[PDB]
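Next comes just one chain, in structure tokens: the form deposited in one PDB entry.
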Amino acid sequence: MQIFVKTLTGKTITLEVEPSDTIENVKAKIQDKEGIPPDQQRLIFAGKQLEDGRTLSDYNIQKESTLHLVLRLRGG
């Protein structure tokens, strides 16, 4: 399925994902498109930070959902 991610430039990118994909894998697919290393990524959906180790299905992220990417560091 397709989901959307709003990135640090404000652009909305598309990702090709499956419900059993881990958040770490979603971060790796963001790196593949946008170059941002996964340890610097924090993904937000419906007001929750998405934990590494959990899956898209754990957060009920269904097709055509939009996630928000923010920087995880302290500075920025």
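Shifts are known only where both forms have a C-alpha. In this text, rigid core is short for the largest set of C-alphas that superpose within 1.5 Å between two forms. Note that residue numbering begins at 1 and tracks the sequence as displayed.
Mean CA temperature factor is higher for 39-47 when stretches 39-47 and 22-30 are set side by side in the entry. Annotation for 63-71 versus 48-56: the higher mean temperature factor (C-alpha) is found in 63-71.
Just so it is clear, the following notes concern the form solved in complex with a partner chain, a form of the same protein that is not shown.
Where the rigid core is used as the reference frame, a consecutive stretch of 3+ residues with C-alpha displacements of 2 Å or more between this form and the one not shown occurs only at 7-9.
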